[PDB]
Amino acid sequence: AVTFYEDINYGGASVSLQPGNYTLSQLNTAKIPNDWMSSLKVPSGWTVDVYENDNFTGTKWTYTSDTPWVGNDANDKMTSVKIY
């Protein structure tokens, strides 16, 4: 599973998700708010595509390993996400 974090360097509230394609509604149901994610852990061999807008549209930021900082553009922008 992938773990998403509120704050940089794996800080604040955290929620883990198995692979899948999660819309904003599905994220909210798992207690992940909109425009909230700052860091994440990604198991080796997995890809996380973070989308700026809902339904897997808008800018996409790709992570293939643990990161304490998603970057200036990606920070607090996650609205949908694909994990595969």
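In this text, residue numbers run from 1 along the sequence as written.
Annotation for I32: C-alpha temperature factor in the highest third relative to the rest of the modelled chain, per the entry. For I83, the recorded CA B-factor ranks within the middle third of the chain. Only modelled residues enter the ranking. Ranked against the other modelled residues of its chain, the C-alpha B-factor of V42 as given in the entry falls in the highest third.
Per-chain ranking of the deposited C-alpha B factor places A13 in the highest third.
Ranked by C-alpha B-factor against the other modelled residues of its chain, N72 falls in the highest third.
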